[PDB]
Each structure stands twice: as structure tokens, then as C-alpha cells.
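Q: I have a structure here, written as C-alpha cells, and I will follow up with some questions on it.
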Amino acid sequence: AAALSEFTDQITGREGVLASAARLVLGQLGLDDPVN
Amino acid sequence: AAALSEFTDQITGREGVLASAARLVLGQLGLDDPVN
Amino acid sequence: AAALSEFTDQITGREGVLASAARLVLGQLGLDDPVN
């Protein structure tokens, strides 16, 4: 009953979904830098 | 030809879409703090 | 009133969306070859 495949698939699918969506909404991320 | 309505609507709608996607993909954001 | 930007943006965004959907629904495309 190894069911890790479905959780990995959904994690990858929503990751791709957010990556595709956030590219064109001009939502910049990671503008911060470690300055401490 | 005041078309600002459509750009404002799409910005808000895709912002809502990414917010909806964010919560259930356990993607924590803003974990950083200003420590400088 | 140059509005080509919004049509280009939506075309690219939905193209990215369909590409994102394609690669986990195991929908193989282009399996055909020109054999004529």
C-alpha cells in the first residue's frame, strides 16, 4: 500500500500550477538578501 | 476608453487564485524577519 | 490604444497553463510522424 506516488504527484502538480500562475502576475519573489 | 477596470479585476482575481492555491500546498511564506 | 499586450499576455498564460496540465496527466502528444 505504498501511496507516496499520489502525494508526490499532487505536490508537483500544484508546484507547477503556482509557478505558471505567478510568472505572469508580475509577482517578484526573493528580492530579500541575507545582510545580517 | 477607461480600461483600468479590466487590469484591476485580473490583478485581484489572480491574486485571489494564488492565495487560494497557497494555503493547502503548505507553502509557508514570510518566515524571514528584519534582523539587520 | 495599443492593446496587443493583454492578448499576448493571456495567450502566453493559458499556453503555460495547458503545458503545466499536460505533463502530469500523462497525455502524450506528437506521437505521430510524417510517413507519407
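Residue numbers (PDB author numbering), protein chains in the order written: chain C, 1963 to 1998; chain D, 1963 to 1998; chain F, 1963 to 1998.
In this text, a Cβ means the ideal position worked out from N, Cα and C, and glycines have one as well.
Nearest to C:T1974 by alpha carbon, out of D:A1983, D:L1993 and D:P1996?
A: Closest by alpha carbon: D:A1983.
Q: Give a yes or no on whether 8 Å exceeds the smallest Cβ distance from C:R1985 to chain D.
A: No, because no Cβ of chain D sits closer than 8 Å to the Cβ of C:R1985.
Q: Tell me whether the beta-carbon of F:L1980 lies closer than 8 Å to the beta-carbon of C:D1971.
A: Result no, Cβ atoms of F:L1980 and C:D1971 do not sit closer than 8 Å.
Q: State the Cα-Cα distance for the pair C:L1966 and F:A1964, rounded to the nearest angstrom.
A: If you take the alpha carbons of C:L1966 and F:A1964, they lie about 50 Å apart.
Q: Is DSSP giving F:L1993 helix, strand or coil here?
A: If DSSP states are grouped into helix, strand and coil, F:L1993 belongs with coil.
Q: Who are the Cβ neighbours of D:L1991 in its own chain at under 8 Å, not counting the five residues just before and after it?
A: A1984.
Q: Tell me, to the nearest whole angstrom, how far the beta carbon of D:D1994 is from that of C:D1995; I am working on the premise that it is less than 8 Å.
A: Not really, about 10 Å apart at Cβ, beyond 8 Å.
Q: Would D:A1964 pass as an interface residue toward chain F - the criterion being a Cβ-Cβ separation below 8 Å?
A: It does not: the Cβ of D:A1964 has no partner Cβ on chain F nearer than 8 Å.
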